[PDB]
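Pasting an experimental structure, sequence included:
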Amino acid sequence: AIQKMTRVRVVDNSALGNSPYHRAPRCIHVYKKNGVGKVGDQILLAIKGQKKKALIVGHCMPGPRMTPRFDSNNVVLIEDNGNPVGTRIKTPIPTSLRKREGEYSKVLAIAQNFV
Amino acid sequence: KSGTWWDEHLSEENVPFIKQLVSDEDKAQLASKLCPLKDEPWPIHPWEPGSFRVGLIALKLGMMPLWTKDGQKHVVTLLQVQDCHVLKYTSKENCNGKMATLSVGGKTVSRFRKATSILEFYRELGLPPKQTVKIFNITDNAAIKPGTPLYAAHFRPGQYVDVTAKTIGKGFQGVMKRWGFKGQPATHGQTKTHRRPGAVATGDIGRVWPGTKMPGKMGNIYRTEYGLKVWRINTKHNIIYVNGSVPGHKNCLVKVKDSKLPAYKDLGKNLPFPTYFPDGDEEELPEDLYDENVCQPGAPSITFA
Amino acid sequence: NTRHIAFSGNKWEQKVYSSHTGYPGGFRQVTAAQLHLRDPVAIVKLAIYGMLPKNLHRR
Amino acid sequence: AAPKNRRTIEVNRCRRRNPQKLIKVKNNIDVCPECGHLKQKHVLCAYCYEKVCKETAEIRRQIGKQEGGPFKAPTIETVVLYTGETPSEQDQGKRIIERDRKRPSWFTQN
Amino acid sequence: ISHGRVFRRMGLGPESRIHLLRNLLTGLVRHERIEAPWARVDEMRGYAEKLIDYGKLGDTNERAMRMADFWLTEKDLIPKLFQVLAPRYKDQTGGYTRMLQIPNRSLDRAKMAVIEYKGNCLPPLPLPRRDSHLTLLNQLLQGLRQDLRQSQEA
Amino acid sequence: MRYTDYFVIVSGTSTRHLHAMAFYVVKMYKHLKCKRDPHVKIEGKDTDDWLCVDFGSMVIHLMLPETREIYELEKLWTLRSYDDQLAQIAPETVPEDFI
RNA sequence: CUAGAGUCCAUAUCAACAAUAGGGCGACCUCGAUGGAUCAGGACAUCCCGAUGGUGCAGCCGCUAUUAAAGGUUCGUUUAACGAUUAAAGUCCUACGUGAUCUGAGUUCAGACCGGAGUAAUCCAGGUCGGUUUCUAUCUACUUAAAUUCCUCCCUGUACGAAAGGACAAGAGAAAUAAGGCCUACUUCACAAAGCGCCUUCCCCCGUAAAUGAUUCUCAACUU
Ligand SMILES: [Mg+2]
Ligand SMILES: [Mg+2]
Ligand SMILES: [Mg+2]
Ligand SMILES: [Mg+2]
Ligand SMILES: [Zn+2]
């Protein structure tokens, strides 16, 4: 769904993710063997002259059945170790991060809506 | 000196009479084999380790989704067993091999479109001709008398089977479609090179290595899929619900037998041996044999813990 | 009794028989012990073949 | 690419006179039961088909002459009548075509 | 790969293919018997079969009138379809046309065929007939039928 | 809420302290009972400030008190969309055209 | 070979002066038409995966050696540099491996400009712009079943370690690639084909480690 040089939408309230020029950061690397990013995968963002890692929570590309499909590609910023950059999440996010193996309890705790 | 067919010289009043006459005989022959255990059956031996039983020939109907109590969805191929019988038995010594063989057929077809030698072979067997015939390697204790019918109950839910059938033919195809070559870019000066194979070998050998990937015919060859389990079996219609997809198009004949994978050996201890005999069974099987993990359509909606 | 033939010296484990199937990576070399175990009559068959005249009459 | 050497007549004979290059003998030829001319089993006889077309052409010529103008297709049935014929009891209210000829034996009257 | 493709690629394209079939259908309606290349006859046969089904719907049905308007280039044939062809086949539920093979034309040795509407006023075609019931093979099979018939009733 | 049944917040004094708590709780969990349910991995091992562990129906977030003030979690799980920071954020604007 | 480094100490590793082996200027054929794409074949002097000795090998990491070529060896900016990754981003041979499969440059051309030389015409191992080879296949040759890897969990925060730290083996889950199939759903689309979708994928590797035992693991008879 998301690959290199793909624009994404930042959903958390991180000051870094707020663009005063309405300019969307674009992914520069996907942390997977095939370079394809589905819901819950870790990628890299080149935002405001900084190479900040990010976690993707939603994509426009359709997925499996009974899985919610967003009309926009949503990302949430995290630190180099796993802590989120922003404080809270406003847009609804999938609940599939529980089943997936990885560090998803941090974002889920600060998330608000479930879909 | 001139070719002929069955109804070439038949009048208008004779064609329907012949069509129903052979139809009635075919049904009578098929129904006469419904009691194998009473028509002097061969001795039945208990299952032993290292024993191989006979398989089945079925027809690929289609696919339906299937869910489990875990909540996952799996696709299942509908394999229907129709008019499956054992034709002849060859002993180990006669078949000059390590194990004896058994011949199985299915999907009875018209007698008017069969060779004379094949027709007389079926005449003594007392069965209508089958469309395809497959050979199964069995042991001595797994011998079955010829003329014995077979059903989808021969397998059981939770058992892994192997299916082999001819794949869907695609005719002559290029390297991109046949071997998945990357091809060439469509622009930037490319001239008549978008699907060409390109280089085939090196210049020093001055030849082409045998087996080189080249454009040619695809499909219409026999392929086998391994490690397919049985989720459900329909007793009434003799239908097997094998996991995943199987080679071949719809309404194609697929040969089914027990899985040969090393991890699935020594699993026929509880399976019927040498086969299932509904006529001699003490009890009547249920309409549908499900898997422990398979959620029944009539069962209440699954609520997870 | 071609199975019970004897080799002078270490020809059982030193002599090898190399054949090629023609496909890439198809070069296969097996020793006398491996060939004899696989085919008891292969040793005598190959020895005579190499000493027969190399013409159409050999087959 | 150009040929490297001239192909000999021995090679050409092996190719031109190949068994599949030859014309296969047809075994679906039979005599027509009516006219006695040769015909194929699955193909209509040339003699009988052609004689029907000529009669059809003559009737169609009579159709147009009685029609006398395009875009005037009748909204009734049509029955062709030969010399020495009268309209039938069921032949009423249908266009009548007169042919100055005797009805053919193969043209059975309904 | 052409699996399940039930339409032939004829003419200059999908538009030309429809137009060619339409012209053949119009001639078949007007003349009740036409000869054309075998492949084109077979393709046009389905459209000819369905025309009567639309004709049976009645001229007052607006869907059939629009379909007849497009598929009949000559407007005089529309009254004929709704008042001649449809009444003739009102008792018949299918097989309004019969198609036969004719010898190849001398121009290009093409596979030729003839298609005509049943019940036409034209002289009958030399239809192929099956063997008579009085032949040796038929008589022997007839005797088998009688003896089998007398065996079951007794 | 479709997340869990009980949410637990634990404050510690040093990074070794939360790790000590994390290893202690999981060691008892594996040893004591529940062979049927799958095991649980420690989440946030590299993150010194924040550490968490999620069981089948209970989830705990071991974090330093300074992180607790920065990442206020108590009100969000008691007030849904009524939090001060959630009320602070602007709604969707869908930027309009210029002049 | 054993001077010299390595606290001591040739030989855990490095290495001087030397010595012994192996690997791929000449005008011998042709003056009568290099980079990348694709496909790769092969060697091992092994980048990754595997097995085993030594260590200045506690354990994790490392260094060095033996064996092993079945399998794998990334995507981007500029014209090797660094950007992010990976178990790894190997060295080569193959007429640049491969232009009658294709395609940037250079060996240079017909036009021109700058700097330089030349009286000039005109030149330059200085820089720059622009810039045409084609081909219908005659012959040879060829043209359809055994899978690998990473990550996570358990063992286990166990052995080891004063701590810092941190494993083996066996088992489980998930993912990727590759091979072979398929259309129930999603999607491109509709009697069908296809992937972005789904299903299946099964052998060993012999370097050495040890018993008994003669003239001591054995180019002694022998056992694992
Ligand atoms: Mg086909
Ligand atoms: Mg080596
Ligand atoms: Mg070339
Ligand atoms: Mg594929
Ligand atoms: Zn005739």
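Perfect, thanks for sending it. Residues are numbered from 1 along each chain as shown, chains lettered A, B, ... in the order given. Ligands and ions are numbered 1, 2, ... in the order given.

Over to residue A:75. Which of the three states is it?
strand (DSSP: H, G, I helix; E, B strand; the rest coil).

Oops, could you answer that again for residue B:263 instead?
helix.

residue nearest the centroid of chain F?
residue F:61 (3.8 Å; Cα atoms, centre = their mean).

Please determine how far the closest residue to it other than its chain neighbours is located from chain D.
Spatial nearest neighbour of residue F:61, chain neighbours left out: residue F:52 (4.7 Å); criterion: Cβ to Cβ, 6 or more residues apart in numbering or on different chains. (Each C-beta comes from the backbone N, C-alpha and C, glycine too.) Residue F:52 sits at a distance of 72 Å from chain D (criterion: Cβ to the nearest Cβ, to the nearest Å).

Where does chain B get nearest to chain E, which residue?
Across chain B, the shortest distance to chain E (Cβ to the nearest Cβ) belongs to residue B:11, at 4.3 Å.

burial count for that residue?
By other Cβ atoms under 10 Å in any protein chain shown, 20 other residues sit near residue B:11.

what residues are up against the residue of chain B found nearest chain D?
The minimum distance from chain B to chain D, using Cβ to the nearest Cβ, falls at residue B:2 (5.0 Å). Contacts for residue B:2 (Cβ atoms under 8 Å, 6 or more residues apart in numbering or on different chains) come out as D:27, D:28, D:30.

Could you look up the SS state of it?
Strictly by three-state DSSP, residue B:2 counts as coil.

quick one on the thing from earlier: does the host helix or strand of the residue nearest to the centre of chain F come close to RNA strand G?
In this structure, residue F:61 is located in strand F:58-63 according to DSSP states H and E. No: Strand F:58-63 stays clear of RNA strand G (Cβ under 7 Å from any atom of the strand), getting no nearer than 14.7 Å.

so what strands line up beside that strand?
strand F:6-11 (parallel), strand F:50-54 (antiparallel) (DSSP bridges).

Now do the buried residues in the longest helix that chain C contains.
In terms of residue count, the longest helix belonging to chain C (DSSP state H) is helix C:42-51. In terms of neighbour count (16 or more other Cβ atoms under 10 Å in any protein chain shown), helix C:42-51 has its buried residues at residue C:43.

Return the distance of the residue of chain B closest to chain D relative to chain C.
Counting by Cβ to the nearest Cβ, the gap from residue B:2 to chain C is 45 Å.

For chain A, what lies in contact range of chain F?
A:13, A:22, A:79, A:81-83, A:87-88, A:90, A:95, A:98, A:103-106, A:108-110, A:112, A:114 (Cβ under 8 Å from any Cβ of the partner chain).

which stretches of the chain form strands?
All of this is about chain A. With strands called from DSSP state E, chain A shows them at A:9-10, A:26-30, A:42-47, A:50-58, A:74-77.

Not quite, go with chain B.
With strands called from DSSP E, chain B shows them at B:56-67, B:73-80, B:84-90, B:100-108, B:130-138, B:149-150, B:160-166, B:171-173, B:216-218, B:222-234, B:239-243, B:253-258, B:288-289.

hey, which of the ones you listed is tucked in deepest?
Greatest average neighbour count among the strands of chain B goes to strand B:239-243 (a mean of 24), per mean count of other Cβ atoms under 10 Å in any protein chain shown.

Between the strands of chain B, which one is closest to chain C.
Nearest to chain C, of these and by Cβ to the nearest Cβ, is strand B:216-218 at 16.6 Å.

Name the surrounding residues that touch that closest one.
Contact with strand B:216-218 is made by B:169, B:170, B:171, B:172, B:173, B:177, B:178, as judged by Cβ under 8 Å, 6+ apart.

Tell me, how many residues neighbour residue 59?
Picked chain A for this. For residue A:59, the neighbour count with other Cβ under 10 Å is 22.

not what I meant, chain E
Around residue E:59 there are 15 residues (other Cβ under 10 Å).

Not counting sequence-adjacent ones, nearest residue to it?
In space, and not counting its chain neighbours, residue E:59 is closest to residue E:82: 4.2 Å by Cβ to Cβ, 6+ apart.

and that neighbour, that one's in a strand?
No: according to three-state DSSP, residue E:82 belongs to no strand; its state is helix.

Hmm, it is touching residue E:54, no?
No: if you go by Cβ atoms under 8 Å, residue E:82 and residue E:54 don't touch, sitting 9.5 Å apart.

who has more neighbours, those two?
Taking other Cβ under 10 Å, residue E:82 and residue E:54 do not tie; residue E:82 has more neighbours (22 against 19).

and that one, what is it in contact with?
Residue E:82 makes contact with E:55, E:58, E:59, E:64, E:68, according to Cβ under 8 Å, 6+ apart.

ok, now residue B:240?
The neighbourhood of residue B:240, defined by Cβ under 8 Å, 6+ apart, consists of B:56, B:58, B:78-81, B:152, B:155, B:161, B:230, B:233-234, B:256.

Distance to RNA strand G for these - can I get that in CSV?
Below are the contacts of residue B:240 laid out as CSV (distance: Cβ to the nearest atom of the strand, whole Å):
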residue, distance to RNA strand G
B:56, 18
B:58, 15
B:78, 9
B:79, 13
B:80, 15
B:81, 19
B:152, 20
B:155, 16
B:161, 11
B:230, 12
B:233, 18
B:234, 17
B:256, 14
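
re earlier: how about the strands of chain A in a markdown table, adding distance to chain D and mean neighbour count?
Written out in a markdown table, the entries for those read as follows (distance: least, Cβ to the nearest Cβ, whole Å; neighbours: other Cβ atoms under 10 Å in any protein chain shown):
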| stretch | distance to chain D | mean neighbour count |
| --- | --- | --- |
| strand A:9-10 | 59 | 18 |
| strand A:26-30 | 48 | 17 |
| strand A:42-47 | 53 | 19 |
| strand A:50-58 | 55 | 20 |
| strand A:74-77 | 58 | 23 |
